[PDB]
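Notes to accompany the following structure.
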Amino acid sequence: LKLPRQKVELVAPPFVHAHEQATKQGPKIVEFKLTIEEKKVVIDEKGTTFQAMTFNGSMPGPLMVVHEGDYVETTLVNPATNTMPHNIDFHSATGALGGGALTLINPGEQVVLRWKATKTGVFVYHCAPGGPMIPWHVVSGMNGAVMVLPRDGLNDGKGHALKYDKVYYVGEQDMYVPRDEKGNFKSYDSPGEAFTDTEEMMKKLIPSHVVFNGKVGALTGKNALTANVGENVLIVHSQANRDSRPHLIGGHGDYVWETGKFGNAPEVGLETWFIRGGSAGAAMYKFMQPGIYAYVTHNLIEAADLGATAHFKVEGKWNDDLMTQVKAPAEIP
Amino acid sequence: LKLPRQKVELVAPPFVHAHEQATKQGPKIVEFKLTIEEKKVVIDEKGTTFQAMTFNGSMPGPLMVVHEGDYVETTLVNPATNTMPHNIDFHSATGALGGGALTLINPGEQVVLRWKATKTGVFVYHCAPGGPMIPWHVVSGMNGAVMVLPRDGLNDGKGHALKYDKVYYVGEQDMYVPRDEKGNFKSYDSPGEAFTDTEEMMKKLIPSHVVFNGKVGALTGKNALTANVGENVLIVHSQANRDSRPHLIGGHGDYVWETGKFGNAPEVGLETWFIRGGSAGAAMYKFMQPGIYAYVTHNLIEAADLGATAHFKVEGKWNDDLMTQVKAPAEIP
Amino acid sequence: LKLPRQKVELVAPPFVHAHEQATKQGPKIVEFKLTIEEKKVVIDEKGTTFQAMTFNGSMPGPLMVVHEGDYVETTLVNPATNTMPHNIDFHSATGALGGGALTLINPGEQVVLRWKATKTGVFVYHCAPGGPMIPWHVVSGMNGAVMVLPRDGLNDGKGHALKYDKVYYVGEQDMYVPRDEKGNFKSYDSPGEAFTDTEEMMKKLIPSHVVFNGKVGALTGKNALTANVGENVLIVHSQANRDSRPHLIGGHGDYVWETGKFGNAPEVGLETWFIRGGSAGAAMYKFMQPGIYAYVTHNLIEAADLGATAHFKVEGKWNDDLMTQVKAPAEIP
Ligand SMILES: OC[C@H]1O[C@@](CO)(O[C@H]2O[C@H](CO)[C@@H](O)[C@H](O)[C@H]2O)[C@@H](O)[C@@H]1O
Ligand SMILES: OC[C@H]1O[C@@](CO)(O[C@H]2O[C@H](CO)[C@@H](O)[C@H](O)[C@H]2O)[C@@H](O)[C@@H]1O
Ligand SMILES: OC[C@H]1O[C@@](CO)(O[C@H]2O[C@H](CO)[C@@H](O)[C@H](O)[C@H]2O)[C@@H](O)[C@@H]1O
Ligand SMILES: [Cu+2]
Ligand SMILES: [Cu+2]
Ligand SMILES: [Cu+2]
Ligand SMILES: [Cu+2]
Ligand SMILES: [Cu+2]
Ligand SMILES: [Cu+2]
Numbered sequence: 031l032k033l034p035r036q037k038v039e040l041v042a043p044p045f046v047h048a049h050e051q052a053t054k055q056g057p058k059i060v061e062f063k064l065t066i067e068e069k070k071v072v073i074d075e076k077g078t079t080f081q082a083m084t085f086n087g088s089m090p091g092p093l094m095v096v097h098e099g100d101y102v103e104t105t106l107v108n109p110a111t112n113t114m115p116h117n118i119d120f121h122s123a124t125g126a127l128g129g130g131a132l133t134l135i136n137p138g139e140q141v142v143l144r145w146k147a148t149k150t151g152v153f154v155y156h157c158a159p160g161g162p163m164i165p166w167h168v169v170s171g172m173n174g175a176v177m178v179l180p181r182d183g184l185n186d187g188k189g190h191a192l193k194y195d196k197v198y199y200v201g202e203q204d205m206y207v208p209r210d211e212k213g214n215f216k217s218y219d220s221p222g223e224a225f226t227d228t229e230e231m232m233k234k235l236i237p238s239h240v241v242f243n244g245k246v247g248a249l250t251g252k253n254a255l256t257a258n259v260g261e262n263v264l265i266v267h268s269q270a271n272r273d274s275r276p277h278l279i280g281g282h283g284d285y286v287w288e289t290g291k292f293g294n295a296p297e298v299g300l301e302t303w304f305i306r307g308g309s310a311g312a313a314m315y316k317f318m319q320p321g322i323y324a325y326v327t328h329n330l331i332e333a334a335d336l337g338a339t340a341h342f343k344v345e346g347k348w349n350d351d352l353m354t355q356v357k358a359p360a361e362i363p
Numbered sequence: 031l032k033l034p035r036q037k038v039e040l041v042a043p044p045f046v047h048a049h050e051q052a053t054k055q056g057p058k059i060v061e062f063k064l065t066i067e068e069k070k071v072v073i074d075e076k077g078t079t080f081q082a083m084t085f086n087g088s089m090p091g092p093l094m095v096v097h098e099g100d101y102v103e104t105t106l107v108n109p110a111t112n113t114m115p116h117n118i119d120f121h122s123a124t125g126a127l128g129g130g131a132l133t134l135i136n137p138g139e140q141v142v143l144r145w146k147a148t149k150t151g152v153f154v155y156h157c158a159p160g161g162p163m164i165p166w167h168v169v170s171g172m173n174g175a176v177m178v179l180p181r182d183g184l185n186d187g188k189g190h191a192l193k194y195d196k197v198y199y200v201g202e203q204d205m206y207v208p209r210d211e212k213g214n215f216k217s218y219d220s221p222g223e224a225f226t227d228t229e230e231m232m233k234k235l236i237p238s239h240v241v242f243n244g245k246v247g248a249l250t251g252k253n254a255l256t257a258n259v260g261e262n263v264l265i266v267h268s269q270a271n272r273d274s275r276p277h278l279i280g281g282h283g284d285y286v287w288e289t290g291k292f293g294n295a296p297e298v299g300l301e302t303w304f305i306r307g308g309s310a311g312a313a314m315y316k317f318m319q320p321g322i323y324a325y326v327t328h329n330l331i332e333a334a335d336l337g338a339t340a341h342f343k344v345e346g347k348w349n350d351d352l353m354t355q356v357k358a359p360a361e362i363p
Numbered sequence: 031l032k033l034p035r036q037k038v039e040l041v042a043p044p045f046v047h048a049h050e051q052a053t054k055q056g057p058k059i060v061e062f063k064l065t066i067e068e069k070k071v072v073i074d075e076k077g078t079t080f081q082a083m084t085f086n087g088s089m090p091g092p093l094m095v096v097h098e099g100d101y102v103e104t105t106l107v108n109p110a111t112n113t114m115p116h117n118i119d120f121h122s123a124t125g126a127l128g129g130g131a132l133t134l135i136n137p138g139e140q141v142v143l144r145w146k147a148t149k150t151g152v153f154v155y156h157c158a159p160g161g162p163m164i165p166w167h168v169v170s171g172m173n174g175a176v177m178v179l180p181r182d183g184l185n186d187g188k189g190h191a192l193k194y195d196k197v198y199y200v201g202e203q204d205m206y207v208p209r210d211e212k213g214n215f216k217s218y219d220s221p222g223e224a225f226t227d228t229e230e231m232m233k234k235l236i237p238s239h240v241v242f243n244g245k246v247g248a249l250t251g252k253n254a255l256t257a258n259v260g261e262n263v264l265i266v267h268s269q270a271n272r273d274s275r276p277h278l279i280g281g282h283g284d285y286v287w288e289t290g291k292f293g294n295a296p297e298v299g300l301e302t303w304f305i306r307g308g309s310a311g312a313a314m315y316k317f318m319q320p321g322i323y324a325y326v327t328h329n330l331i332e333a334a335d336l337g338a339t340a341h342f343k344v345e346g347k348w349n350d351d352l353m354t355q356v357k358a359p360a361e362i363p
């Protein structure tokens, strides 16, 4: 395979490494490295801890971006400082359980997998060692996404280009933290110690936490998403294990691929869309109003009470044609 | 803004205020009033009670109908007889958290919000005061829907008009009523008294009841939906917090916008469709057979055991070509 | 009704009785027989038992295949060896609650129902006796599917024929097996004895098991699905009561009707699709790589821990262009 090689410097979510939308490049071998990290992390503002397992130290794993017909060559590294075997399954790839059957590595090993990007869209990647370890590694945080863009960039299905000014990747994580007898979340010394209680809870199908970017409030305050009025923002949303229903409070999905695959035309003008567990989808919105937006899953219990709220802070001029407070709050006459 | 004003007299669900589909009117300011009512109601045939919070006294709130490019001017009233602050978020609107950031009113106040109907479809509206109150007010009943019709009426995406003979609005409500130690549903003196137990249950994500129009059996008996053979009926379905999968038992969705947005062509000939939590969708069906139909969510446990069944009673002539009982029940030979 | 009659010999899932895709036949009366069987079965590799109720002895019931405009004439038989009344509701049919209102039969009876296949697609059929028996009979196993093909066969919505080399029917079943005090699954002497505990669990909406073809591991080992590289396989998936999110691990859905209705064009290039509870959908894939695939619902907890995994064993030549292990596992440098 005698194609040009291109290295990518991955960046932590919700940001996305620099890339072209439309490109004049032909196929390349695009090189990525992912280093697995098992680590205890804090997942809420109460200080609850969690035995996480991650690609590149983040939940979600970073977004990888290539174009249709590229070859994606991933060096997956499992340092000796980890305790368990791991692998990678790319839903964008064809064969060998998405790559999982070719990438199982013990602590102290690395492996190099290449796959041809024959399907466009956004796709989940995740660890999948075998058997009951599959769900456990995924809900412990071992999932991310890859975006395979058409070489001509995105289109509306009507002949028009859809160019985004910026893209964010929102990875949603269902987490299963057990409680003790008096009702407090438990803490564990190792993922292995957490396994028995965690699996018992997993099988009951109700998460304790549903978070974006690994933690309650991760995408708020200093780390709010941003935009300006007039900017077209692409929001990639993934969920490797469980359904979600994204919604931009005060906005819309102007163009939405809820099944996430660019061979299909987008839907237009959505209020709320649906990410099937085990998939990524994408929504584009051109901001029209400044101020705070919340980006949620629209199970509002999940959003407000279990962790699944991000914010956008948007700069620009208020549009009184689109909305106005005709009369401020006043005593009823 | 010097456009003509038009008042609407809202009507309680499942009925819909009179409106045009295709219209020769240009944009107007369409005036609506919603008066919040907190009230204890009965939600099942056992007499279980529920601390409801409502727009205009109903669950769901009434369906508002306008056309693309209208301005929707809502007077939201929170009488002093209520206990809590409330607001309104229109998923059809652009800016200020759907209007929620411009409509927070204490008991004794009213506010007037106007928004431009730039997106077509059916959309959820709901209360959203802030924080954990968001889910609580919504699952207490504070949600309804708005329909923004194209000025040319509905179409099939193939150049043909789709005209409905009547429309019904089915609002589905997930309810969380706690149980005491011996397993009976609890009753509370106020919404505030219900809050702690109700939130604890909410976070476990399993409703005690799933109802249409506020109560088990609301859309049955005297209050069954009706049609005649040959009539095209539009069924708007909303769910502000939780997924649903509508199905007309003995019928179909001839034309379905399950994401609910009229810029997209309908799907055809569905058995069951999917309303994402936080959205409204719509289905049209031309009745072909008389008799009783059930309209359900097709989690049949929810439908038959938790409350989520409506009936249609349909008049007309039986069509033996479409279905016939060739041989009535008889002893096996 | 003076049309030619054609008998079908049904075959147990996941296989499908022989049929034409495109056909030069005109409408016929296609005759099917379904004999209900109530039976205690084993559903997992631990030996857990289950009070099943079935059409033709299988979970799911067998796939029936006809063409648009055929008349489907079903003899439904409820032998005296059963204990309960049963009926059948075809989501493909128009009128009388899908046929349920014309097919209620006591043990010792049979009934003959005919319906005209006016809607194309894959559709659920299920028992629906009335009231709380509806969900109970369905989650006890009394559901299957029917496929109504266009007379010209399937198409891509772009003028091209889509011909499958083989079809499999995967019926997914949510099961509710109660546990005793010490946490073991309970066994019952009759469906009636199982009812009280089973309904109590049903209403909590969390299954104990989620299986394909009636049992954990049913579609693995000797009974793995099969294909060859180059074969186009249609996978019909149904779920009569509860959502699912199918995914072919190492493959894709090349053409997917997730709402299952052939009047709509398929989506292309999906990773994971969505079967709404109360529906059947279908996905076509042309295999490109040999080896083992898993076909799952992509709630991976359900897939790996509750029973919902099938395998494909695929023969043919490995394609190193599409995927290659560039470097086998090795010590990190
Ligand atoms: O106080 C003993 C009494 O408490 C229970 C819980 O209801 O068990 C608690 O105490 C045990 C002995 O200290 C612990 O092992 C156990 O984990 C804790 O729940 C009863 O089982 C016991 O009779
Ligand atoms: O009978 C007392 C015994 O019952 C429990 C429940 O198992 O508590 C009940 O009685 C308490 C005292 O009357 C109530 O406060 C409580 O709400 C009720 O559940 C035990 O905790 C107690 O030992
Ligand atoms: O040992 C009696 C004590 O056990 C409990 C369960 O905590 O009930 C068990 O024993 C009863 C009498 O044998 C059984 O009927 C019951 O089904 C079983 O759970 C207590 O209720 C009882 O005090
Ligand atoms: Cu892993
Ligand atoms: Cu996967
Ligand atoms: Cu409120
Ligand atoms: Cu909302
Ligand atoms: Cu039955
Ligand atoms: Cu049904």
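As you go down the protein sequences, you meet chains A, B and C in turn.
Taking the UniProt record's numbering, the leading residue of the first sequence gets 31, the next gets one more, and so forth.
Taking the UniProt record's numbering, the leading residue of the second sequence gets 31, the next gets one more, and so forth.
Taking the UniProt record's numbering, the leading residue of the third sequence gets 31, the next gets one more, and so forth.
We put the CB at the ideal spot given by N, CA and C, even for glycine.
Backbone CA spacing between residue i and residue j [nearest angstrom]
i	j	result
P221 of chain C	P159 of chain C	15 Å
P109 of chain C	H167 of chain C	16 Å
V169 of chain B	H341 of chain A	23 Å
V141 of chain C	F242 of chain C	29 Å
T65 of chain A	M94 of chain A	14 Å
Within-9 Å CB hit, residue i to chain B
i	result
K234 of chain C	yes
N262 of chain A	no
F153 of chain C	yes
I279 of chain C	no
Collapsed DSSP secondary structure at residue i in the structure displayed
i	result
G174 of chain A	strand
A52 of chain A	strand
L336 of chain A	helix
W166 of chain A	helix
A126 of chain A	helix
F225 of chain B	helix
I73 of chain A	coil
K252 of chain C	helix
is_contact[residue i, chain C] using C-beta, thresh 9 Å
i	result
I164 of chain A	yes
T256 of chain B	no
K216 of chain B	no
Residue environment, residue i, which counts as buried when at least 16 other CB atoms sit within 10 Å
i	result
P34 of chain C	exposed
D182 of chain C	exposed
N258 of chain A	exposed
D210 of chain A	exposed
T289 of chain B	buried
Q203 of chain B	buried
Test: residue i CB closer than 9 Å to a CB of chain A
i	result
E301 of chain C	yes
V200 of chain B	no
Could you tell me whether the stretch 265-276 of chain C touches the stretch 299-309 of chain C, where touching means 3 or more Cβ pairs closer than 8 Å?
yes
Pairing CB atoms from the stretch 279-289 of chain C with CB atoms from the stretch 315-328 of chain C, are three or more of them under 8 Å?
yes
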